Every structure is written in C-alpha cells, then in structure tokens.
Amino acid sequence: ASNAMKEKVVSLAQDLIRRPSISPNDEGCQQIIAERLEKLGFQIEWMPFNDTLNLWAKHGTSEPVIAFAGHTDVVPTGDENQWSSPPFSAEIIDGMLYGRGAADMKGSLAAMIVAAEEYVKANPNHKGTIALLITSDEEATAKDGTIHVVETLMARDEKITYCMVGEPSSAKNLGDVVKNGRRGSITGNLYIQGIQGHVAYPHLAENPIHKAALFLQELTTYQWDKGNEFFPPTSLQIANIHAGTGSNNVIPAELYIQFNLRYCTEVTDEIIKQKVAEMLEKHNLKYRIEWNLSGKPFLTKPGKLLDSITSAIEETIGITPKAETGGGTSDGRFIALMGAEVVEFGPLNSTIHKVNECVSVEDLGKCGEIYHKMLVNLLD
C-alpha cells in the first residue's frame, strides 16, 4: 500500500520535468515544492540571489539536522527534433519516465520531497530537523546557489549535521553505488592566435588550427595520473572547439578550445595549469588562457549517514552499495563546509546530459522508500 507513495513521487516528478528550468531559471519548480511543504508545517525560507532562486525548508527545531539537497535546473536539451518525445513532455513509456531532468535530478528530487513529507506526517514530533536545500543553479556557474545558502546559514551559526544529496549515483542497478566524495573540476578556455588571411596564400598567414593540431592530440591523450585509493583517475574532455569566419577561403585568426578536467588528488589545479602551459610552450603556440575552478576534490568523513543510507538500501532492495567518488561533482562540497557529513544517492546516471534522458518509475518509487528508511535509521 506504498504504491501510493510511488504515485506521489511520479506525479511530482512529472510536474517538475514539464518546467523548462535551464540554469539558472527555476521556472516555478521551487514554488510548487514550497507550497506543498508549507501545508505540512515546514518553515519556508527563500534565499534568492541575483538570477538564482534557492529554498531552505525545515521541519523541526533541534539537532541532528538532516538536509536533503538537490537542484531544479537542468542542462540544455538540444534540438527537440532529436528527441523521441518532447524533452519536457514527461511521457511515461513502458515504465520509463522521459524528459530532460528525469534522472538529473527531478525524479530523485521528487522522491526526497515525498520521503520527507511522509516521514513528517507519520512522525510530527520527530527528533531532529528535516530540511530541504534546493537551488536553481547547480549545473552552470553555480556562484549564487547552494553556496549562497551555505554562507547564509554559517553566518548565523545554523547547523547541518547530515546531508543526503539526491544526484543519480547508481551505475547499472539502483542502489549499487553511493558517493562519499567527488573529484575536482577545472575548465580552461584557451585561445590560440594565428594570422588571418587567404587560404591560397598560407605563407602570408598562420592557420591556428594547423599549428595547434599536435597539441590538441597530445592534450586529449596525456595521462594525468592513474587515480589512487580514494578516487578514479583524472580525466580531460574537450567540450567546445571553434575557429573560423564561416568563409571557406579565409584562414581564421584564432582557435578557441574549451576543455575540462575532472581531477583526483594525484594532481592539483596548480599542477594542471602548469602542465598545460608547458605543453603550449613546447609546441611554440601563442595563446591566452582563462582558467575557471568549479571545485576541488572532496571526501566526506564517514559516519552515521553513510551507515544509514547503506543500511536503508540493503533493507529495501537487498544489495549493499559500493561507496565511490567517480562521475561528476555536486553541491555536496559546499555543504561540507558546514561540517556536515555528505553522502549522495540516487537513480541510474546512464542517460544524464544525453538526448532521450529518462528514469525508471519503479526506481523512483524505491528511491522514495530508501530515503524514508534512511530517515528512520538516522532519527529512530
């Protein structure tokens, strides 16, 4: 009779998926959420800043404080034509909920919310505080999101004891992985200068695409490290590359390369910057580069939260998750600044940021059950 909760999770998820909340625009997601939480006695606190909307919702007044954390923004869809169903359709086909944000992360956001709602309804005088910390910019610059909330709470010495981040942690089967940390993320925006001219007079010009070809090949194959006991290896990906005026008979003046590294503690942001500089010098390239550090590697100190979620997954679906630190990053690293233990769990990540993103509705239901059991394990 908790197929009832499963339906609540699914309809909320669909609600949210239908809102085209490309970072940092919330498109009304948090309003929906805040409305239903308020009706159940949660204290609502809005913390907008610049173009970002943030929500801090609480039920309870004392420690321990357990916060569910997540984001309502989603990455761009791409041509809606490339999608079998419209990206914001929230269609359910053969047990799969389709849509941008279905797996990253509106599905599990809905699951966490319903778990919190149901727990609080069942246990009005529960020990501790159940909170939700929701931002509309996790996917982009993220300068005014979760980190703004964290700064506000710290400045008035408000505490978070435990934080469960609902990012999609699972690899092949729901519950097979939880995350106890993340690699860092740093992006280079690299401009290599050539000299514009006529394609048929290349000796009077300098084609930066040709000059940088070897560099590009070395950059994409260079082995930064082999990981270590705590993290998978550092990985570099070129996200964007652009040169040219659109004309076929003009040599472009400049080549733009944007590349990102998800890095482990075998290297640092400074080691990465120095090595790239050294590669550019070795290839005698004229350039300018702008570096943007999104975050450093982070590991949480394991304790009762890791125990509680690991046990909840075992108790609900019968397997033991492996604790890992791969994949992307999350706002967990900000929340760790408060001294909170941070652990992540959510649905399959196999379709995130892809065309035809989707999530199993059976998995969303079990997620709700798992998040609920986690609360019981922690507070009771």
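A residue's number is simply how far along the shown sequence it sits, counting from 1.
Student: Looking at the deposited entry, does 10-18 or 367-375 carry the larger mean Cα B-factor?
Tutor: That would be 10-18.
Student: Please compare 285-293 with 306-314 and name the stretch with the higher mean C-alpha B-factor in the deposited structure.
Tutor: Taking the mean B-factor of the alpha carbons in each, 285-293 is higher.
Student: Say you rank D225, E218, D79, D269 by Cα B-factor from the PDB entry; which sits at the top?
Tutor: Result of the comparison over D225, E218, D79, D269: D79.
Student: Among the candidates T265, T187, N125, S169, give the one with the maximum CA B-factor reported in the record.
Tutor: Of the options given, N125 has the highest CA B-factor in the PDB entry.
Student: Select lowest, middle or highest to describe the third in which the CA B-factor of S350 falls within its chain in this entry.
Tutor: Ranked within chain, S350 CA B lands in the middle tercile.
Student: Using the B-factor values recorded in the entry, state whether the Cα atom of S330 falls in the lowest, middle or highest third among the modelled residues of its chain.
Tutor: Within its chain, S330 is a lowest-third residue by C-alpha B-factor, going by the deposited values.
Student: Relative to the other modelled residues in the chain, which third contains the C-alpha temperature factor of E158: lowest, middle or highest?
Tutor: CA B-factor rank for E158: highest third.
Student: Compare the C-alpha B factor of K211 with those of the other modelled residues in its chain, then answer lowest, middle or highest third.
Tutor: Its C-alpha B-factor, which the entry lists for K211, ranks in the middle third among residues of this chain.
Student: Within this chain, which third does the Cα B-factor at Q258 fall in: lowest, middle or highest?
Tutor: Its C-alpha B-factor, which the entry lists for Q258, ranks in the lowest third among residues of this chain.
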